[PDB]
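*Asks:* Sharing query_14.txt here; it has compact mmCIF, C-alpha atoms.
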```txt
# COMPACT_ATOMS: atom_id res chain seq x y z
CA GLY A 1 -15.43 -3.84 14.04
CA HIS A 2 -12.08 -3.37 15.71
CA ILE A 3 -8.96 -1.26 15.41
CA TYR A 4 -5.79 -3.11 14.36
CA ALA A 5 -2.39 -1.68 15.22
CA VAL A 6 0.07 -3.27 12.80
CA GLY A 7 3.84 -3.49 13.34
CA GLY A 8 5.77 -0.34 14.13
CA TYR A 9 8.73 0.36 16.39
CA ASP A 10 8.76 -0.06 20.18
CA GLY A 11 11.71 2.21 20.96
CA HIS A 12 14.31 -0.49 20.31
CA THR A 13 13.03 -2.98 17.73
CA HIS A 14 10.94 -2.93 14.58
CA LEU A 15 7.93 -5.14 15.26
CA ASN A 16 6.13 -7.90 13.45
CA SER A 17 3.45 -8.07 16.16
CA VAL A 18 -0.14 -6.98 15.55
CA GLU A 19 -2.80 -6.15 18.12
CA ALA A 20 -6.52 -5.37 17.94
CA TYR A 21 -8.78 -3.10 19.99
CA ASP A 22 -12.42 -3.61 20.90
CA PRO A 23 -14.16 -0.36 21.92
CA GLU A 24 -17.01 -2.21 23.62
CA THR A 25 -14.61 -3.64 26.17
CA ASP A 26 -11.78 -1.05 25.87
CA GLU A 27 -9.23 -3.84 25.56
CA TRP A 28 -6.31 -4.73 23.24
CA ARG A 29 -5.19 -8.26 22.38
CA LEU A 30 -2.38 -9.56 20.19
CA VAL A 31 -3.40 -11.38 16.97
CA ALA A 32 -1.28 -13.25 14.37
CA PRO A 33 1.99 -11.39 13.55
CA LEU A 34 3.21 -10.19 10.18
CA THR A 35 5.38 -12.38 7.98
CA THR A 36 8.15 -9.77 8.49
CA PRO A 37 8.80 -6.92 10.95
CA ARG A 38 7.47 -3.72 9.42
CA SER A 39 7.54 -0.10 10.49
CA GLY A 40 6.63 2.92 8.42
CA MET A 41 4.26 0.75 6.39
CA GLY A 42 0.86 1.70 5.02
CA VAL A 43 -2.27 -0.20 6.04
CA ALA A 44 -5.48 -0.49 3.97
CA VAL A 45 -8.76 -2.38 4.43
CA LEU A 46 -10.20 -3.85 1.21
CA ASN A 47 -12.47 -6.87 0.58
CA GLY A 48 -12.61 -7.57 4.30
CA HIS A 49 -8.84 -7.98 4.54
CA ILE A 50 -6.10 -5.80 6.00
CA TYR A 51 -3.17 -5.05 3.69
CA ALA A 52 0.22 -4.13 5.14
CA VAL A 53 2.09 -2.34 2.35
CA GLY A 54 5.88 -1.95 2.26
CA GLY A 55 7.71 -0.32 5.18
CA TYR A 56 11.05 -1.10 6.82
CA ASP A 57 12.01 -4.42 8.45
CA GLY A 58 14.83 -3.04 10.60
CA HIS A 59 17.43 -3.38 7.83
CA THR A 60 15.71 -2.90 4.45
CA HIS A 61 12.98 -0.74 2.98
CA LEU A 62 10.46 -3.23 1.60
CA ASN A 63 8.48 -3.68 -1.55
CA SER A 64 6.63 -6.69 -0.13
CA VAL A 65 2.93 -6.58 0.67
CA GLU A 66 0.94 -8.92 2.88
CA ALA A 67 -2.74 -9.36 3.62
CA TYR A 68 -4.59 -10.45 6.76
CA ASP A 69 -7.82 -12.41 7.06
CA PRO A 70 -9.60 -11.98 10.43
CA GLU A 71 -11.74 -15.10 9.97
CA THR A 72 -8.63 -17.30 9.88
CA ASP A 73 -6.18 -14.98 11.76
CA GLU A 74 -3.52 -15.48 9.07
CA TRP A 75 -1.22 -13.30 6.93
CA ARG A 76 -0.06 -14.16 3.40
CA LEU A 77 2.17 -12.22 1.05
CA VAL A 78 0.56 -10.86 -2.13
CA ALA A 79 2.09 -9.11 -5.17
CA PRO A 80 4.90 -6.67 -4.25
CA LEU A 81 5.07 -2.98 -5.04
CA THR A 82 6.84 -1.71 -8.15
CA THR A 83 9.38 -0.10 -5.81
CA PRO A 84 10.37 -0.39 -2.15
CA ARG A 85 8.40 2.17 -0.15
CA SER A 86 8.42 3.16 3.48
CA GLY A 87 6.69 6.18 4.97
CA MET A 88 4.10 6.06 2.20
CA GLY A 89 0.41 6.81 2.52
CA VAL A 90 -2.14 4.16 1.61
CA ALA A 91 -5.72 4.83 0.51
CA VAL A 92 -8.61 2.69 -0.69
CA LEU A 93 -10.66 4.17 -3.54
CA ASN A 94 -12.80 2.55 -6.30
CA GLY A 95 -11.90 -0.89 -4.96
CA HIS A 96 -8.17 -0.35 -5.40
CA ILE A 97 -5.36 0.29 -2.96
CA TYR A 98 -3.17 3.33 -3.68
CA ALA A 99 0.37 3.52 -2.35
CA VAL A 100 1.32 7.20 -2.38
CA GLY A 101 4.91 8.48 -2.29
CA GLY A 102 7.26 7.36 0.48
CA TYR A 103 10.96 6.54 0.48
CA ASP A 104 12.63 3.75 -1.54
CA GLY A 105 15.79 3.39 0.56
CA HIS A 106 17.55 6.22 -1.26
CA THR A 107 15.10 8.90 -2.42
CA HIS A 108 11.82 10.42 -1.32
CA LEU A 109 9.27 9.54 -3.96
CA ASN A 110 6.64 11.38 -5.93
CA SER A 111 5.42 8.19 -7.63
CA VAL A 112 2.06 6.57 -6.87
CA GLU A 113 0.96 3.04 -7.61
CA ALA A 114 -2.42 1.29 -7.39
CA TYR A 115 -3.30 -2.32 -6.60
CA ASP A 116 -6.16 -4.43 -7.91
CA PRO A 117 -6.99 -7.46 -5.69
CA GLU A 118 -8.92 -9.20 -8.48
CA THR A 119 -5.78 -9.51 -10.57
CA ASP A 120 -3.19 -9.15 -7.75
CA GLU A 121 -1.16 -6.58 -9.67
CA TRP A 122 0.24 -3.05 -9.12
CA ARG A 123 0.56 -0.31 -11.74
CA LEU A 124 1.90 3.20 -11.50
CA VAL A 125 -0.55 6.07 -11.85
CA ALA A 126 -0.01 9.84 -12.06
CA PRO A 127 2.71 11.07 -9.64
CA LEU A 128 2.37 13.70 -6.94
CA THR A 129 3.16 17.36 -7.59
CA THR A 130 6.08 16.99 -5.11
CA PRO A 131 7.93 14.05 -3.56
CA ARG A 132 6.33 13.28 -0.20
CA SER A 133 7.17 10.81 2.51
CA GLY A 134 5.67 10.70 5.98
CA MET A 135 2.47 12.19 4.58
CA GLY A 136 -1.10 11.35 5.59
CA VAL A 137 -3.54 10.06 3.00
CA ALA A 138 -7.34 10.43 3.23
CA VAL A 139 -10.20 9.51 0.89
CA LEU A 140 -13.08 12.04 0.78
CA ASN A 141 -15.70 12.87 -1.88
CA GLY A 142 -14.17 10.25 -4.15
CA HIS A 143 -10.74 11.89 -4.14
CA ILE A 144 -7.47 10.96 -2.47
CA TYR A 145 -5.81 13.66 -0.40
CA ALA A 146 -2.06 13.63 0.26
CA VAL A 147 -1.50 15.79 3.32
CA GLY A 148 1.84 17.31 4.27
CA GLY A 149 4.93 15.13 4.57
CA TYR A 150 8.57 15.65 3.70
CA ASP A 151 9.91 16.32 0.19
CA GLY A 152 13.49 15.22 0.89
CA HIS A 153 14.52 18.64 2.14
CA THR A 154 11.60 20.33 3.90
CA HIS A 155 8.61 19.34 6.01
CA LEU A 156 5.54 20.42 4.03
CA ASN A 157 2.31 22.22 4.76
CA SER A 158 1.04 21.68 1.19
CA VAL A 159 -1.88 19.36 0.46
CA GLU A 160 -2.83 17.87 -2.89
CA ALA A 161 -5.81 15.87 -4.13
CA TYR A 162 -6.17 13.10 -6.72
CA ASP A 163 -9.08 12.37 -9.05
CA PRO A 164 -9.07 8.78 -10.35
CA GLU A 165 -11.47 9.66 -13.17
CA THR A 166 -8.90 12.01 -14.69
CA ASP A 167 -5.70 10.55 -13.12
CA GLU A 168 -4.63 14.07 -12.09
CA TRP A 169 -3.33 15.69 -8.87
CA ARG A 170 -3.93 19.33 -7.87
CA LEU A 171 -2.88 21.36 -4.84
CA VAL A 172 -5.64 22.45 -2.45
CA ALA A 173 -5.49 24.73 0.61
CA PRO A 174 -2.38 24.14 2.78
CA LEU A 175 -2.27 23.16 6.44
CA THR A 176 -1.95 25.79 9.15
CA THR A 177 1.49 24.32 9.94
CA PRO A 178 3.95 22.06 8.11
CA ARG A 179 3.37 18.51 9.25
CA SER A 180 5.07 15.21 8.56
CA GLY A 181 4.49 11.96 10.37
CA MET A 182 0.93 13.04 11.13
CA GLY A 183 -2.16 10.83 11.11
CA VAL A 184 -5.07 11.60 8.82
CA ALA A 185 -8.70 10.57 9.43
CA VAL A 186 -12.02 11.23 7.65
CA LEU A 187 -15.01 11.89 9.93
CA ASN A 188 -18.24 13.86 9.32
CA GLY A 189 -17.08 14.71 5.82
CA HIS A 190 -13.95 16.46 7.11
CA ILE A 191 -10.30 15.50 6.94
CA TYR A 192 -8.43 15.67 10.26
CA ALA A 193 -4.67 16.05 10.36
CA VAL A 194 -3.53 14.83 13.75
CA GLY A 195 -0.22 15.73 15.35
CA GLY A 196 3.04 15.14 13.48
CA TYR A 197 6.28 17.11 13.22
CA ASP A 198 6.60 20.69 11.89
CA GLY A 199 10.31 20.55 11.11
CA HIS A 200 11.35 21.54 14.64
CA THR A 201 8.72 20.24 17.15
CA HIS A 202 6.55 17.17 17.58
CA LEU A 203 3.03 18.53 17.66
CA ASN A 204 -0.06 18.04 19.76
CA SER A 205 -2.12 20.27 17.49
CA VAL A 206 -4.90 18.95 15.27
CA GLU A 207 -6.55 20.65 12.30
CA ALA A 208 -9.56 19.80 10.14
CA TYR A 209 -10.31 20.44 6.48
CA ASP A 210 -13.66 21.18 4.83
CA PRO A 211 -13.70 20.43 1.07
CA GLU A 212 -16.81 22.57 0.49
CA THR A 213 -14.93 25.70 1.50
CA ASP A 214 -11.31 24.49 0.95
CA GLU A 215 -10.25 25.65 4.42
CA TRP A 216 -8.39 24.23 7.46
CA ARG A 217 -9.03 25.21 11.07
CA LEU A 218 -7.43 24.04 14.29
CA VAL A 219 -9.57 21.95 16.66
CA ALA A 220 -8.86 20.63 20.17
CA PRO A 221 -5.25 19.38 20.60
CA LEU A 222 -4.11 15.92 21.65
CA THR A 223 -3.39 15.13 25.29
CA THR A 224 0.26 14.64 24.28
CA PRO A 225 2.42 15.57 21.28
CA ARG A 226 2.40 12.64 18.91
CA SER A 227 4.21 11.98 15.65
CA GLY A 228 4.33 8.71 13.78
CA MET A 229 1.01 7.67 15.32
CA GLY A 230 -1.75 5.68 13.64
CA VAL A 231 -5.19 7.20 13.27
CA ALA A 232 -8.44 5.26 12.92
CA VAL A 233 -12.12 6.21 12.75
CA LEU A 234 -14.48 3.90 14.68
CA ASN A 235 -17.94 4.56 16.22
CA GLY A 236 -17.86 8.20 15.14
CA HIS A 237 -14.62 8.85 17.03
CA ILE A 238 -11.06 9.41 15.89
CA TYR A 239 -8.43 7.27 17.65
CA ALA A 240 -4.80 8.38 17.81
CA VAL A 241 -2.73 5.28 18.48
CA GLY A 242 0.80 5.35 19.93
CA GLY A 243 3.49 7.38 18.21
CA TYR A 244 6.37 9.44 19.59
CA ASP A 245 6.04 12.50 21.88
CA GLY A 246 9.43 14.05 21.15
CA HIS A 247 11.23 11.90 23.76
CA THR A 248 9.44 8.52 24.11
CA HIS A 249 7.71 6.02 21.87
CA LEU A 250 4.21 5.72 23.21
CA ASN A 251 1.82 2.97 24.09
CA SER A 252 -0.94 5.44 24.96
CA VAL A 253 -4.06 5.81 22.82
CA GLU A 254 -6.55 8.65 22.82
CA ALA A 255 -9.93 9.20 21.18
CA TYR A 256 -11.63 12.33 19.87
CA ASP A 257 -15.32 13.18 19.81
CA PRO A 258 -16.19 15.90 17.22
CA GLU A 259 -19.53 16.65 18.87
CA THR A 260 -17.79 17.84 22.03
CA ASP A 261 -14.38 18.64 20.44
CA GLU A 262 -12.54 16.79 23.18
CA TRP A 263 -9.86 14.05 23.48
CA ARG A 264 -9.64 11.39 26.20
CA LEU A 265 -7.15 8.58 26.80
CA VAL A 266 -8.44 5.01 26.37
CA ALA A 267 -6.75 1.65 27.06
CA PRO A 268 -3.06 1.58 26.03
CA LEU A 269 -1.42 -0.77 23.57
CA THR A 270 0.29 -3.96 24.75
CA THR A 271 3.60 -2.39 23.61
CA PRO A 272 4.82 1.10 22.68
CA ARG A 273 4.42 1.54 18.94
CA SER A 274 5.41 4.30 16.57
CA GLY A 275 5.40 4.19 12.79
CA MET A 276 2.66 1.54 12.99
CA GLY A 277 -0.23 1.14 10.56
CA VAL A 278 -3.77 1.34 11.88
CA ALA A 279 -6.82 -0.23 10.26
CA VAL A 280 -10.49 -0.61 11.13
CA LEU A 281 -12.14 -3.96 10.29
```
Represent the structure contained in this file as structure tokens.

*Replies:*
Amino acid sequence: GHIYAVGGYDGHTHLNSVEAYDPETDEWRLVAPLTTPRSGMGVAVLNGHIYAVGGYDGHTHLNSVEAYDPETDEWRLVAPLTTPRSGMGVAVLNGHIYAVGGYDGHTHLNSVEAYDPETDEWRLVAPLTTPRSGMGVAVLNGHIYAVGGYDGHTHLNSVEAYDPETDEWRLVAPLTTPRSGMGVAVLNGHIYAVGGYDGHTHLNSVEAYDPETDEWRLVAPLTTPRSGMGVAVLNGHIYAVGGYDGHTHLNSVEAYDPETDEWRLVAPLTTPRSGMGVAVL
């Protein structure tokens, strides 16, 4: 029951290191590193393992995928993506991992692929309504939401949702502001879009979506602007991990309580990290 901060960029180097947070002690420790440096990857938890999907190793945008076992503290590569992808969103739904959009080293992608651990294979599914990289992906009410991002020319406020039963995407209500490089969490049946970049400014604002009314509203802002952060939900709180404040890559970490609508800093990472993946396991 810990938060893992996977890879990322420390301000000078793309990282293969991985660290884990225990809320009960408010402490981070390094664990086994990735097989390859990875930033801008997606991170999913499925079958008790953490999957680190694609990203950028400092020279190449990756199609490789690797999985972590906490019980042995080891990573192993699994089947690669159909295409290199960095800046994608990763969701877990119906026992599959979805890799949504991203950038293949040349083009921002509208394609979406899904992984099955039982057969260790990827297949493409229905593509997004628009290319999107640097988006946030949430799973709520059995649907996947692709929030914001960048279409290759503009930072987006649009949001779309996927139904696996029909293999169809549809647009839903847009964000209050364009946002790319944001973090997206699900808590209390709401989707939170945390921070990011609006096309001109790195943002400390945070908004939340209600599916029952198809509306967004702003909530309490972060203590600092953050883009390229990781967001986790643990113990009924949202954690915003690292990122970039517009000038510096951050090792700070803050946590949000919906019941009081307030953020507070917690223990910082061992290293500054932006474009990391964050998982709870």

*Asks:* Please identify all polymer residues within 7 Å of region 153-165 of chain A, counting all atoms listed in the file, omitting same-chain residues fewer than 4 positions from it, and present them as a ChimeraX atom specification.

*Replies:* /A:143-149,169-175,177-180,198-199

*Asks:* Output C-alpha atoms for every residue in that selection, as a short mmCIF file (atom, residue, chain, number, x, y, z; two decimals), in the frame of the given file.

*Replies:*
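The file below, again-v7.cif, is the result:
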```cif
data_model
loop_
_atom_site.label_atom_id
_atom_site.label_comp_id
_atom_site.auth_asym_id
_atom_site.auth_seq_id
_atom_site.Cartn_x
_atom_site.Cartn_y
_atom_site.Cartn_z
CA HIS A 143 -10.74 11.89 -4.14
CA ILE A 144 -7.47 10.96 -2.47
CA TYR A 145 -5.81 13.66 -0.40
CA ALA A 146 -2.06 13.63 0.26
CA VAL A 147 -1.50 15.79 3.32
CA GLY A 148 1.84 17.31 4.27
CA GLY A 149 4.93 15.13 4.57
CA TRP A 169 -3.33 15.69 -8.87
CA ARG A 170 -3.93 19.33 -7.87
CA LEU A 171 -2.88 21.36 -4.84
CA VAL A 172 -5.64 22.45 -2.45
CA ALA A 173 -5.49 24.73 0.61
CA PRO A 174 -2.38 24.14 2.78
CA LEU A 175 -2.27 23.16 6.44
CA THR A 177 1.49 24.32 9.94
CA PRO A 178 3.95 22.06 8.11
CA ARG A 179 3.37 18.51 9.25
CA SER A 180 5.07 15.21 8.56
CA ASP A 198 6.60 20.69 11.89
CA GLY A 199 10.31 20.55 11.11
#
```

*Asks:* Take CA of residue 215 (chain A) and CA of residue 110 (chain A) and report the distance between them in Å, one decimal.

*Replies:*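 Between CA of residue 215 (chain A) and CA of residue 110 (chain A) the gap works out to 24.4 Å.
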
*Asks:* Tell me, in Å to one decimal, how far CA of residue 203 (chain A) is from CA of residue 243 (chain A).

*Replies:*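 We find that CA of residue 203 (chain A) and CA of residue 243 (chain A) lie 11.2 Å from each other.
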
*Asks:* Listing only residues of region 92-114 of chain A within 12 Å of region 63-77 of chain A, what is the closest atom pair and its distance in Å (to one decimal) for each, using all atoms listed in the file, sorted by chain and residue number ascending, as JSON lines?

*Replies:*
```
{"residue": "A:97", "atom": "CA", "partner": "A:65", "partner_atom": "CA", "distance": 11.4}
{"residue": "A:99", "atom": "CA", "partner": "A:65", "partner_atom": "CA", "distance": 10.8}
{"residue": "A:102", "atom": "CA", "partner": "A:63", "partner_atom": "CA", "distance": 11.3}
{"residue": "A:103", "atom": "CA", "partner": "A:63", "partner_atom": "CA", "distance": 10.7}
{"residue": "A:104", "atom": "CA", "partner": "A:63", "partner_atom": "CA", "distance": 8.5}
{"residue": "A:105", "atom": "CA", "partner": "A:63", "partner_atom": "CA", "distance": 10.4}
{"residue": "A:113", "atom": "CA", "partner": "A:63", "partner_atom": "CA", "distance": 11.8}
```

*Asks:* Restricted to C-alpha atoms, what would the selected residues look like written as a CSV table (one decimal), in the frame of the given file?

*Replies:*
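part.csv was written with the following content:
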```
chain,number,residue,atom,x,y,z
A,97,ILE,CA,-5.4,0.3,-3.0
A,99,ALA,CA,0.4,3.5,-2.4
A,102,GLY,CA,7.3,7.4,0.5
A,103,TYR,CA,11.0,6.5,0.5
A,104,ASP,CA,12.6,3.8,-1.5
A,105,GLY,CA,15.8,3.4,0.6
A,113,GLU,CA,1.0,3.0,-7.6
```

*Asks:* Extract, using only C-alpha atoms, all DNA, RNA and protein residues at most 12 Å from residue 118 (chain A), discarding same-chain residues fewer than 3 positions from it, and format them as a list in words.

*Replies:*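 Answer for this query is residues 46, 47, 78, 79, 95, 96, 97, 115, 121 and 122 of chain A.
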
*Asks:* Convert the current residue selection to file output with C-alpha atoms, as a PDB file, in the coordinates of the input.

*Replies:*
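As written to disk, out-v4.pdb reads:
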```pdb
ATOM      1  CA  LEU A  46     -10.200  -3.850   1.210  1.00  0.00           C
ATOM      2  CA  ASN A  47     -12.470  -6.870   0.580  1.00  0.00           C
ATOM      3  CA  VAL A  78       0.560 -10.860  -2.130  1.00  0.00           C
ATOM      4  CA  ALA A  79       2.090  -9.110  -5.170  1.00  0.00           C
ATOM      5  CA  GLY A  95     -11.900  -0.890  -4.960  1.00  0.00           C
ATOM      6  CA  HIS A  96      -8.170  -0.350  -5.400  1.00  0.00           C
ATOM      7  CA  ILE A  97      -5.360   0.290  -2.960  1.00  0.00           C
ATOM      8  CA  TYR A 115      -3.300  -2.320  -6.600  1.00  0.00           C
ATOM      9  CA  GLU A 121      -1.160  -6.580  -9.670  1.00  0.00           C
ATOM     10  CA  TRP A 122       0.240  -3.050  -9.120  1.00  0.00           C
TER      11      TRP A 122
END
```

*Asks:* For residue 44 (chain A), which of A:93, A:217, A:212, A:58 is the closest residue, counting only C-alpha atoms?

*Replies:*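 Smallest distance to residue 44 (chain A) is found for A:93.
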
*Asks:* I'd like to know which of A:185, A:117, A:193, A:210 is closest to residue 236 (chain A), using only C-alpha atoms.

*Replies:* A:185

*Asks:* One number please: CA of residue 81 (chain A) to CA of residue 227 (chain A), in Å, one decimal.

*Replies:* 25.5 Å

*Asks:* Using all atoms listed in the file, which protein or nucleic acid residues come within 8 Å of residue 108 (chain A)? Drop anything in the same chain fewer than 3 positions from it, and give the result as a list in words.

*Replies:*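 Counting all atoms listed in the file, the residues come to residues 101, 102, 103, 104, 131, 132, 133, 150, 151 and 152 of chain A.
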
*Asks:* Step by step: start from the point (9.1, 6.5, 17.2) in the file's coordinates, keep every protein, DNA or RNA residue that has an atom no farther than 7 Å from it, count all atoms listed in the file, and write the set as a ChimeraX atom specification.

*Replies:* /A:9,11,228,243-244,249,274-275

*Asks:* Could you list, as a ChimeraX atom specification, every residue within 10 Å of residue 192 (chain A), counting all atoms listed in the file and ignoring same-chain residues fewer than 5 positions away?

*Replies:* /A:136,138,147,182-187,206-210,216-219,231,238

*Asks:* Pull C-alpha atoms from the residues just selected and write them as a JSON list (two decimals), in the frame of the given file.

*Replies:*
```json
[["chain", "number", "residue", "atom", "x", "y", "z"],
["A", 136, "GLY", "CA", -1.10, 11.35, 5.59],
["A", 138, "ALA", "CA", -7.34, 10.43, 3.23],
["A", 147, "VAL", "CA", -1.50, 15.79, 3.32],
["A", 182, "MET", "CA", 0.93, 13.04, 11.13],
["A", 183, "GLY", "CA", -2.16, 10.83, 11.11],
["A", 184, "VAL", "CA", -5.07, 11.60, 8.82],
["A", 185, "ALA", "CA", -8.70, 10.57, 9.43],
["A", 186, "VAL", "CA", -12.02, 11.23, 7.65],
["A", 187, "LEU", "CA", -15.01, 11.89, 9.93],
["A", 206, "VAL", "CA", -4.90, 18.95, 15.27],
["A", 207, "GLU", "CA", -6.55, 20.65, 12.30],
["A", 208, "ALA", "CA", -9.56, 19.80, 10.14],
["A", 209, "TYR", "CA", -10.31, 20.44, 6.48],
["A", 210, "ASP", "CA", -13.66, 21.18, 4.83],
["A", 216, "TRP", "CA", -8.39, 24.23, 7.46],
["A", 217, "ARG", "CA", -9.03, 25.21, 11.07],
["A", 218, "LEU", "CA", -7.43, 24.04, 14.29],
["A", 219, "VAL", "CA", -9.57, 21.95, 16.66],
["A", 231, "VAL", "CA", -5.19, 7.20, 13.27],
["A", 238, "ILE", "CA", -11.06, 9.41, 15.89]]
```

*Asks:* Nearest to residue 134 (chain A) among A:255, A:35, A:25, A:276, with distances taken over all atoms listed in the file: which residue is it?

*Replies:*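 Among the listed residues, A:276 lies closest to residue 134 (chain A).
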
*Asks:* Nearest residue to residue 261 (chain A) out of A:246, A:222, A:279, A:16, using all atoms listed in the file?

*Replies:*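 Among the listed residues, A:222 lies closest to residue 261 (chain A).
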
*Asks:* Provide region 14-30 of chain A rebuilt to N, CA, C and O atoms, formatted as a CSV table (one decimal), in the frame of the given file.

*Replies:*
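Final output, part16.csv:
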```csv
chain,number,residue,atom,x,y,z
A,14,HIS,N,12.0,-3.0,15.5
A,14,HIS,CA,10.9,-2.9,14.6
A,14,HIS,C,10.2,-4.2,14.7
A,14,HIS,O,10.7,-5.3,14.9
A,15,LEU,N,8.8,-4.1,14.7
A,15,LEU,CA,7.9,-5.1,15.3
A,15,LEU,C,7.2,-5.9,14.1
A,15,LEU,O,6.9,-5.3,13.1
A,16,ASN,N,7.1,-7.2,14.3
A,16,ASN,CA,6.1,-7.9,13.4
A,16,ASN,C,4.8,-8.2,14.2
A,16,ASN,O,3.9,-8.7,13.5
A,17,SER,N,4.7,-7.8,15.4
A,17,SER,CA,3.4,-8.1,16.2
A,17,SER,C,2.3,-7.2,15.7
A,17,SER,O,2.5,-6.1,15.2
A,18,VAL,N,1.1,-7.7,15.9
A,18,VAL,CA,-0.1,-7.0,15.6
A,18,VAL,C,-1.1,-7.1,16.7
A,18,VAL,O,-1.2,-8.2,17.3
A,19,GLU,N,-1.8,-6.0,17.1
A,19,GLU,CA,-2.8,-6.2,18.1
A,19,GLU,C,-4.1,-5.5,17.7
A,19,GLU,O,-4.1,-4.5,16.9
A,20,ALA,N,-5.2,-5.9,18.3
A,20,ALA,CA,-6.5,-5.4,17.9
A,20,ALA,C,-7.3,-4.8,19.1
A,20,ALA,O,-7.2,-5.4,20.2
A,21,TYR,N,-8.0,-3.8,18.9
A,21,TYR,CA,-8.8,-3.1,20.0
A,21,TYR,C,-10.3,-3.3,19.8
A,21,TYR,O,-10.8,-3.0,18.7
A,22,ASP,N,-11.0,-3.6,20.9
A,22,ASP,CA,-12.4,-3.6,20.9
A,22,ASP,C,-12.9,-2.4,21.7
A,22,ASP,O,-12.7,-2.4,23.0
A,23,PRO,N,-13.6,-1.5,21.1
A,23,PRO,CA,-14.2,-0.4,21.9
A,23,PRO,C,-15.2,-0.8,22.9
A,23,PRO,O,-15.3,-0.1,24.0
A,24,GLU,N,-16.0,-1.8,22.7
A,24,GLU,CA,-17.0,-2.2,23.6
A,24,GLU,C,-16.4,-2.7,25.0
A,24,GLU,O,-17.1,-2.5,26.0
A,25,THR,N,-15.2,-3.2,24.9
A,25,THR,CA,-14.6,-3.6,26.2
A,25,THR,C,-13.4,-2.8,26.6
A,25,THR,O,-12.9,-2.9,27.7
A,26,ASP,N,-13.0,-1.9,25.6
A,26,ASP,CA,-11.8,-1.0,25.9
A,26,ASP,C,-10.6,-1.9,26.2
A,26,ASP,O,-9.9,-1.7,27.2
A,27,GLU,N,-10.3,-2.9,25.3
A,27,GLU,CA,-9.2,-3.8,25.6
A,27,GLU,C,-8.5,-4.1,24.3
A,27,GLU,O,-9.1,-4.1,23.2
A,28,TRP,N,-7.2,-4.3,24.3
A,28,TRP,CA,-6.3,-4.7,23.2
A,28,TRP,C,-5.9,-6.2,23.4
A,28,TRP,O,-5.7,-6.6,24.6
A,29,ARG,N,-5.8,-6.9,22.4
A,29,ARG,CA,-5.2,-8.3,22.4
A,29,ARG,C,-4.3,-8.4,21.2
A,29,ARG,O,-4.6,-7.9,20.1
A,30,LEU,N,-3.2,-9.2,21.3
A,30,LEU,CA,-2.4,-9.6,20.2
A,30,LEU,C,-3.1,-10.5,19.3
A,30,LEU,O,-3.9,-11.4,19.7
```
